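Report on the following structure.
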Protein chains: 2
Amino acid sequence: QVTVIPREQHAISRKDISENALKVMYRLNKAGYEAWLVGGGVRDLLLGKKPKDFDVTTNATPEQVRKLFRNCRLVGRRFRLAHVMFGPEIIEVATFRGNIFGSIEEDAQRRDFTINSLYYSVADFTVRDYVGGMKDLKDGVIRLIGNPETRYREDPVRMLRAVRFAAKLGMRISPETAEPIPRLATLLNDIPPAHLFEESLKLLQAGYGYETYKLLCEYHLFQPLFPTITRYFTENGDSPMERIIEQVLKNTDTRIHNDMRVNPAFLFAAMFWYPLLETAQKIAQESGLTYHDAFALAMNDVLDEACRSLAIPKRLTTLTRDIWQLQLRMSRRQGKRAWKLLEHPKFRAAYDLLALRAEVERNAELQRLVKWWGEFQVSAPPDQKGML
Amino acid sequence: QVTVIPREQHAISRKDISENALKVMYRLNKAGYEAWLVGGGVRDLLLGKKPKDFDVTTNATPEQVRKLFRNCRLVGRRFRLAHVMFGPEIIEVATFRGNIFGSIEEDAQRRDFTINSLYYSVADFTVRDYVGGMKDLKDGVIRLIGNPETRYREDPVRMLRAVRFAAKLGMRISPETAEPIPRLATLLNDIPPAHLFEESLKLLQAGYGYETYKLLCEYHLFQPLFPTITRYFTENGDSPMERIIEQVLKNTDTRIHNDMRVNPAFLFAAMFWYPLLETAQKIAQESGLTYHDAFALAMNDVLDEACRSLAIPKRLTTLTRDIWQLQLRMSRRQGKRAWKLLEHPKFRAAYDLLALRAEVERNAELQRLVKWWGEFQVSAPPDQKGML
Ligand SMILES: Nc1ncnc2c1ncn2[C@@H]1O[C@H](COP(=O)(O)OP(=O)(O)OP(=O)(O)O)[C@@H](O)[C@H]1O
Ligand SMILES: Nc1ncnc2c1ncn2[C@@H]1O[C@H](COP(=O)(O)OP(=O)(O)OP(=O)(O)O)[C@@H](O)[C@H]1O
Ligand SMILES: [Mg+2]
Ligand SMILES: [Mg+2]
């Protein structure tokens, strides 16, 4: 066991790569308090990679952190957890937990995985490893802290994170930490649909999506969240839907790394697409009615029972509804309303759906619609007229 | 002589084709006042075309009008000139004029042209013509009301309007009303650049642009407004900049007849492009700077001067500058920095300008950055990945 690591044996974790939350600790260290830098970035820093967050912890009570910062711009409460604002840098200052407020060692144990529970002191350039941490981090092991069996039951979402980190970094899950998941997965439905929604995005809409999907399928974690989707999987391995999902992911992923923004209302409208389509079939031949009105029903239901697991905000769903709406409208080769359409705020997305539907189905008559809209949108108004 | 023309013999401008701003005349009529429809609409109505606006006039004091609508959603200010709201519909309710105000006849006179001073009462289905009005409308004639000479001097913009209706509707300008213009044209430099901007857009940005520039040039009214451009015309008639101003207008026009949002900041960057391309090259040699630094000065220069004539909003100038800047970046066959660009809020307009530049210069070098950016902008991140 090795509880304190020195700056000379610890990957340099050079004081200078820490931005200036250093101003936030220095203030504490000066006041007779303790300043530690915990979790995310402190992991990354040891890895060599650039921190995305910088969060800190202290033996200073929350009302004590209030006085020592009353002059600062402290953004919004929470319990414990204080929020300092620079601007485009916000720094989280949280008090150690234990009866309620305790020691550094105490705080370490209530944290989830090993590597995400390493601590840095600007004051002594030492990192504290009350857990496997350092080794896990070297060996590339996502390990949980207490008794997996119990933790996952206390907070089931702890399971989701295990995969998420597993995918993000090149790491594998500890056996003990992995055993329980497939069995305990179902536990996710005792989770408020909203919290889920957050984590669904943390997983896919985070630029790892594809590797995190493989991992969510290999642990039966995908099913609880997207019932409406698992059901249309096939033995064969790659149905139109089973490809599209891999693609919209792989791509949303490329986007996020070339730093482009991304539409979640898209991501979803893509996956559920085929399911919607399938419900259009049954809705039509059965309960025989028009294919427009039929489609429109499939929407409400598919979105209903999907919104039954993930809590999608009314905002998103409504763009989604539009992305699908456009799929029918575009299909009907026609004239003057193409300006009306080209203008639509969700066209860009809607074109990128048609993009995929044509790539996956390899339906040459679709890609055909894809070249046309392709040119009719980069073309200039004299040509755009002639195209009709 | 023939001052009152009845529902049957007058193009039946039919009570049915008046938006329910009838409900506002009705209150007026019921209340002992009379209330008439004027100009904009009544003109189009007699021409058959759908009005774009309905403005009522009454012999009620602006005071009497204020009171008889208290219950209503009446939007504020403006001597005389009262305003009432519904939905997307606003109804303009101004009082006659003539100490200050008076007879329906006394009002017919302070109005700029003969057509735009026809009057309609729903209460008797007659239209009152106290000017050439009816005949002129039949004939296709824009004819200022009193003495052109004096009036233009009273309000020089009356000249611009005159030329605008001339191109919008399909009709010719009255001899008596055309003579004074080429002479008196300069008078516009006395007018606050504010009004000129306003009216500059009613001329080119209402989708009559091309025809309204065939006139603005053929009556030397163009010059007072756009000094910076006038200067660069070539007797040839076929310079790149001259072709560009044609096309951009022809196109802005198309955009408007197909209900597509149009951008003002684009319009301008398009015209002044070549005057900007010129002032840059002259700043390049005359003073041995780098081109990138040279260009940027030229931007300031062209703007200040145009700003000297048209009060162009600090808003639109920013966008413009950017649309231009983008033209430097889209030039370099850029690497992974292109994702950032694709994202720019203006990229569509910057593209649309590379579009024209390539078409008018009839340059193949440019015509390639067009074909390229056309694909790189509709492709998928897989494909797009590769292109780079
Ligand atoms: N419900 C919970 N139970 C126990 N510990 C928790 C819980 N929620 C958060 N934590 C702790 O918070 C820390 C994670 O912080 P945060 O949520 O900002 O993500 P992170 O570790 O920075 O993730 P990333 O590696 O993606 O940056 C972990 O060390 C974890 O132990
Ligand atoms: N400064 C002015 N001097 C004299 N008359 C004016 C003045 N400003 C406006 N008018 C009168 O207002 C009427 C025009 O109304 P408005 O400004 O709504 O345009 P419009 O005639 O409806 O144009 P359009 O044909 O484009 O619809 C004209 O009949 C004109 O005589
Ligand atoms: Mg946290
Ligand atoms: Mg008006």
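Just so we're on the same page: first chain in the structure tokens is A, next is B, and so on; residues restart at 1 for each chain, and ligands are numbered from 1 in the order they show up.
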For this session: Just the residues within 8 Å of residue 162 of chain B, please, counting only C-alpha atoms, with nothing from its chain fewer than 6 positions along; format it as JSON, numbers by chain.
Result: {"B": [113, 142, 144, 173]}
Problem set entry | In segment 75-244 of chain A, DSSP strand (DSSP E or B) residues written as a ChimeraX atom specification | /A:82-85,90-95,97,101,113,119-121,126-128,141-142,144,172-173
For this session: Could you list the residues in chain B lying within 8 Å of chain A, using only C-alpha atoms, and format the result as number ranges by chain?
Result: B: 251, 254-255, 258-260, 336, 339-340, 343, 352, 355, 374-375, 377-378, 380-382
Seminar exercise, completed: RMSD over all C-alpha pairs (in order) once chain B is least-squares fitted to chain A is 0.4 Å
For this session: Enumerate residues in contact with ligand 1: an atom-to-atom distance of at most 7 Å, counting only C-alpha atoms and all ligand atoms. Format the result as an MDAnalysis selection string.
Result: chainID A and resid 39:41 52:53 110:113 116:117 155 158 165
Which residues sit within 10 Å of ligand 4, counting only C-alpha atoms and all ligand atoms, listed as a PDB file with N, CA and C atoms, in the first residue's frame?
```
ATOM      1  N   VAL B  38     -57.253  53.537 -47.814  1.00  0.00           N
ATOM      2  CA  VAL B  38     -56.423  54.359 -48.694  1.00  0.00           C
ATOM      3  C   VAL B  38     -55.155  53.716 -49.244  1.00  0.00           C
ATOM      4  N   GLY B  39     -54.840  54.081 -50.482  1.00  0.00           N
ATOM      5  CA  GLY B  39     -53.565  53.763 -51.097  1.00  0.00           C
ATOM      6  C   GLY B  39     -53.160  52.307 -51.198  1.00  0.00           C
ATOM      7  N   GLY B  40     -52.114  51.951 -50.464  1.00  0.00           N
ATOM      8  CA  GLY B  40     -51.475  50.659 -50.620  1.00  0.00           C
ATOM      9  C   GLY B  40     -52.420  49.585 -51.106  1.00  0.00           C
ATOM     10  N   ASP B  53     -51.247  45.293 -47.055  1.00  0.00           N
ATOM     11  CA  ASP B  53     -51.476  46.166 -45.919  1.00  0.00           C
ATOM     12  C   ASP B  53     -52.813  46.869 -46.081  1.00  0.00           C
ATOM     13  N   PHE B  54     -53.494  47.120 -44.964  1.00  0.00           N
ATOM     14  CA  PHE B  54     -54.713  47.921 -44.973  1.00  0.00           C
ATOM     15  C   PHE B  54     -54.636  49.072 -43.982  1.00  0.00           C
ATOM     16  N   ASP B  55     -54.745  50.288 -44.512  1.00  0.00           N
ATOM     17  CA  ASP B  55     -54.647  51.505 -43.711  1.00  0.00           C
ATOM     18  C   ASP B  55     -55.936  52.300 -43.843  1.00  0.00           C
ATOM     19  N   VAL B  56     -56.577  52.590 -42.716  1.00  0.00           N
ATOM     20  CA  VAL B  56     -57.823  53.340 -42.744  1.00  0.00           C
ATOM     21  C   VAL B  56     -57.597  54.788 -42.336  1.00  0.00           C
ATOM     22  N   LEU B  81     -51.944  59.182 -37.012  1.00  0.00           N
ATOM     23  CA  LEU B  81     -51.262  57.889 -37.111  1.00  0.00           C
ATOM     24  C   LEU B  81     -51.500  56.840 -36.007  1.00  0.00           C
ATOM     25  N   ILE B  91     -53.487  47.461 -38.075  1.00  0.00           N
ATOM     26  CA  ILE B  91     -54.357  48.338 -38.833  1.00  0.00           C
ATOM     27  C   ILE B  91     -54.038  49.780 -38.509  1.00  0.00           C
ATOM     28  N   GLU B  92     -53.647  50.522 -39.541  1.00  0.00           N
ATOM     29  CA  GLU B  92     -53.185  51.899 -39.410  1.00  0.00           C
ATOM     30  C   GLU B  92     -54.367  52.861 -39.495  1.00  0.00           C
ATOM     31  N   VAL B  93     -54.595  53.640 -38.440  1.00  0.00           N
ATOM     32  CA  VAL B  93     -55.754  54.535 -38.387  1.00  0.00           C
ATOM     33  C   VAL B  93     -55.401  56.012 -38.215  1.00  0.00           C
ATOM     34  N   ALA B  94     -55.107  56.684 -39.326  1.00  0.00           N
ATOM     35  CA  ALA B  94     -54.692  58.085 -39.291  1.00  0.00           C
ATOM     36  C   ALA B  94     -55.848  59.025 -39.598  1.00  0.00           C
TER      37      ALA B  94
END
```
For this session: Write out as an MDAnalysis selection string which residues come within 12 Å of residue 203 of chain A when counting only C-alpha atoms, dropping same-chain ones fewer than 3 positions away.
Result: chainID A and resid 157 160:168 196:200 206:216 221:222 225 249 252:253 264
Problem set entry | helix (DSSP H, G or I) call set, DSSP backbone run, segment 30-80 of chain A, as a PyMOL selection string | chain A and resi 30-31+40-47+62-67
Go ahead and dump the residues you just picked, N, CA, C and O atoms, as a PDB file, in the first residue's frame.
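Result file follows (again31.pdb):
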```pdb
ATOM      1  N   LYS A  30      -4.104  29.545   2.401  1.00  0.00           N
ATOM      2  CA  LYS A  30      -3.711  30.726   3.164  1.00  0.00           C
ATOM      3  C   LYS A  30      -4.566  30.879   4.422  1.00  0.00           C
ATOM      4  O   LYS A  30      -4.099  31.378   5.446  1.00  0.00           O
ATOM      5  N   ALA A  31      -5.818  30.439   4.349  1.00  0.00           N
ATOM      6  CA  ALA A  31      -6.759  30.628   5.452  1.00  0.00           C
ATOM      7  C   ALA A  31      -6.635  29.576   6.558  1.00  0.00           C
ATOM      8  O   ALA A  31      -7.374  29.615   7.542  1.00  0.00           O
ATOM      9  N   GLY A  40     -11.591  13.828 -11.949  1.00  0.00           N
ATOM     10  CA  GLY A  40     -11.437  13.877 -13.391  1.00  0.00           C
ATOM     11  C   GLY A  40     -10.084  14.313 -13.907  1.00  0.00           C
ATOM     12  O   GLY A  40      -9.266  13.490 -14.315  1.00  0.00           O
ATOM     13  N   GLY A  41      -9.854  15.617 -13.899  1.00  0.00           N
ATOM     14  CA  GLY A  41      -8.603  16.162 -14.383  1.00  0.00           C
ATOM     15  C   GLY A  41      -7.376  15.549 -13.737  1.00  0.00           C
ATOM     16  O   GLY A  41      -6.398  15.263 -14.429  1.00  0.00           O
ATOM     17  N   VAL A  42      -7.416  15.352 -12.420  1.00  0.00           N
ATOM     18  CA  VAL A  42      -6.263  14.807 -11.697  1.00  0.00           C
ATOM     19  C   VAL A  42      -5.889  13.404 -12.184  1.00  0.00           C
ATOM     20  O   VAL A  42      -4.718  13.003 -12.163  1.00  0.00           O
ATOM     21  N   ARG A  43      -6.899  12.671 -12.635  1.00  0.00           N
ATOM     22  CA  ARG A  43      -6.675  11.443 -13.375  1.00  0.00           C
ATOM     23  C   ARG A  43      -5.927  11.815 -14.651  1.00  0.00           C
ATOM     24  O   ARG A  43      -4.742  11.518 -14.808  1.00  0.00           O
ATOM     25  N   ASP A  44      -6.639  12.493 -15.545  1.00  0.00           N
ATOM     26  CA  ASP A  44      -6.113  12.906 -16.841  1.00  0.00           C
ATOM     27  C   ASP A  44      -4.677  13.435 -16.778  1.00  0.00           C
ATOM     28  O   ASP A  44      -3.843  13.066 -17.602  1.00  0.00           O
ATOM     29  N   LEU A  45      -4.394  14.307 -15.811  1.00  0.00           N
ATOM     30  CA  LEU A  45      -3.066  14.906 -15.681  1.00  0.00           C
ATOM     31  C   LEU A  45      -1.987  13.846 -15.547  1.00  0.00           C
ATOM     32  O   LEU A  45      -0.937  13.948 -16.173  1.00  0.00           O
ATOM     33  N   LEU A  46      -2.252  12.833 -14.726  1.00  0.00           N
ATOM     34  CA  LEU A  46      -1.324  11.722 -14.552  1.00  0.00           C
ATOM     35  C   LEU A  46      -1.195  10.948 -15.850  1.00  0.00           C
ATOM     36  O   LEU A  46      -0.127  10.439 -16.181  1.00  0.00           O
ATOM     37  N   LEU A  47      -2.299  10.860 -16.579  1.00  0.00           N
ATOM     38  CA  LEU A  47      -2.317  10.191 -17.873  1.00  0.00           C
ATOM     39  C   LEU A  47      -1.459  10.940 -18.887  1.00  0.00           C
ATOM     40  O   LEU A  47      -0.930  10.345 -19.828  1.00  0.00           O
ATOM     41  N   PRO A  62     -18.987  24.327   4.537  1.00  0.00           N
ATOM     42  CA  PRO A  62     -19.592  25.145   3.477  1.00  0.00           C
ATOM     43  C   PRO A  62     -19.892  26.587   3.885  1.00  0.00           C
ATOM     44  O   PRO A  62     -19.887  27.461   3.026  1.00  0.00           O
ATOM     45  N   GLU A  63     -20.169  26.832   5.159  1.00  0.00           N
ATOM     46  CA  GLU A  63     -20.381  28.198   5.608  1.00  0.00           C
ATOM     47  C   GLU A  63     -19.044  28.898   5.799  1.00  0.00           C
ATOM     48  O   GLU A  63     -18.970  30.125   5.785  1.00  0.00           O
ATOM     49  N   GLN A  64     -17.988  28.117   5.994  1.00  0.00           N
ATOM     50  CA  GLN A  64     -16.645  28.681   6.104  1.00  0.00           C
ATOM     51  C   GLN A  64     -16.121  29.084   4.734  1.00  0.00           C
ATOM     52  O   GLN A  64     -15.412  30.078   4.598  1.00  0.00           O
ATOM     53  N   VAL A  65     -16.474  28.297   3.722  1.00  0.00           N
ATOM     54  CA  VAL A  65     -16.101  28.594   2.344  1.00  0.00           C
ATOM     55  C   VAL A  65     -16.883  29.798   1.850  1.00  0.00           C
ATOM     56  O   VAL A  65     -16.458  30.500   0.934  1.00  0.00           O
ATOM     57  N   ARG A  66     -18.035  30.024   2.472  1.00  0.00           N
ATOM     58  CA  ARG A  66     -18.888  31.162   2.152  1.00  0.00           C
ATOM     59  C   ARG A  66     -18.252  32.493   2.547  1.00  0.00           C
ATOM     60  O   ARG A  66     -18.243  33.444   1.763  1.00  0.00           O
ATOM     61  N   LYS A  67     -17.739  32.562   3.772  1.00  0.00           N
ATOM     62  CA  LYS A  67     -17.067  33.764   4.255  1.00  0.00           C
ATOM     63  C   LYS A  67     -15.794  34.069   3.467  1.00  0.00           C
ATOM     64  O   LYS A  67     -15.601  35.191   2.992  1.00  0.00           O
TER      65      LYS A  67
END
```
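Shortest separation to ligand 3 among A:354, A:134, A:80, A:364 occurs at residue A:80, atoms counted being only C-alpha atoms and all ligand atoms.
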Problem set entry | Who sits within 12 Å of segment 5-22 of chain A, only C-alpha atoms, same chain under 3 positions skipped, as an MDAnalysis selection string | chainID A and resid 1:2 25:30 35:37 41:57 83:93 118:130 133:135 137:138
Could you save those same residues with C-alpha atoms as a compact mmCIF listing (two decimals), in the first residue's frame?
```txt
# COMPACT_ATOMS: atom_id res chain seq x y z
CA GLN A 1 0.00 0.00 0.00
CA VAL A 2 1.23 3.50 -0.91
CA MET A 25 -6.89 26.80 -3.43
CA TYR A 26 -4.14 29.28 -2.56
CA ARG A 27 -6.92 31.32 -0.95
CA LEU A 28 -7.89 28.32 1.19
CA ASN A 29 -4.34 27.17 1.94
CA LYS A 30 -3.71 30.73 3.16
CA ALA A 35 -6.86 22.18 -0.78
CA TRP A 36 -7.11 19.01 -2.82
CA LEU A 37 -7.81 18.54 -6.52
CA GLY A 41 -8.60 16.16 -14.38
CA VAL A 42 -6.26 14.81 -11.70
CA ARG A 43 -6.67 11.44 -13.37
CA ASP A 44 -6.11 12.91 -16.84
CA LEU A 45 -3.07 14.91 -15.68
CA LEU A 46 -1.32 11.72 -14.55
CA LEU A 47 -2.32 10.19 -17.87
CA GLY A 48 -0.64 13.12 -19.61
CA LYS A 49 -3.92 14.22 -21.24
CA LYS A 50 -5.55 17.62 -20.85
CA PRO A 51 -8.01 17.98 -17.95
CA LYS A 52 -11.55 18.99 -18.89
CA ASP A 53 -12.60 19.85 -15.37
CA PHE A 54 -10.88 21.01 -12.24
CA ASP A 55 -12.86 20.29 -9.09
CA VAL A 56 -11.54 20.68 -5.55
CA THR A 57 -12.21 19.53 -1.97
CA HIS A 83 -19.39 27.05 -7.19
CA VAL A 84 -16.78 29.71 -7.94
CA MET A 85 -16.94 31.67 -11.18
CA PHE A 86 -14.13 33.04 -13.34
CA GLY A 87 -16.29 32.95 -16.46
CA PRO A 88 -15.61 30.21 -19.04
CA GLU A 89 -13.78 28.64 -16.08
CA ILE A 90 -15.96 27.58 -13.13
CA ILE A 91 -14.40 25.85 -10.15
CA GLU A 92 -16.19 23.41 -7.86
CA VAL A 93 -15.23 23.57 -4.19
CA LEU A 118 -7.10 10.58 -6.70
CA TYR A 119 -6.21 13.82 -4.86
CA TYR A 120 -3.66 16.60 -5.52
CA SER A 121 -2.21 19.16 -3.12
CA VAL A 122 -0.71 22.27 -4.62
CA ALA A 123 0.61 22.72 -1.10
CA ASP A 124 2.93 19.69 -1.25
CA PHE A 125 2.89 18.40 -4.82
CA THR A 126 1.83 15.00 -3.50
CA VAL A 127 -1.04 12.84 -4.70
CA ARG A 128 -3.04 10.75 -2.19
CA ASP A 129 -4.05 7.16 -2.97
CA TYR A 130 -6.39 5.78 -0.31
CA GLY A 133 -6.01 4.25 -7.90
CA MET A 134 -2.40 4.69 -8.96
CA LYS A 135 -2.08 1.02 -9.95
CA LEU A 137 -4.69 3.82 -13.46
CA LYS A 138 -1.44 2.31 -14.73
```
Exercise. Restricting the calculation to only C-alpha atoms and all ligand atoms, which member of A:230, A:95, A:276, A:262 is positioned closest to ligand 3?
Worked result: A:95
Problem set entry | Near-segment 305-312 of chain B list (12 Å; only C-alpha atoms; drop same-chain fewer than 5 positions) as a PyMOL selection string | chain B and resi 186+188-201+222-230+264-265+268-269+271-272+275-276+298-300+317-320
For this session: Using only C-alpha atoms and all ligand atoms, pick whichever of A:219, A:235, A:82, A:363 has the shortest atom-to-atom distance to ligand 3.
Result: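 When distances to ligand 3 are compared using only C-alpha atoms and all ligand atoms, the smallest one comes from A:82.
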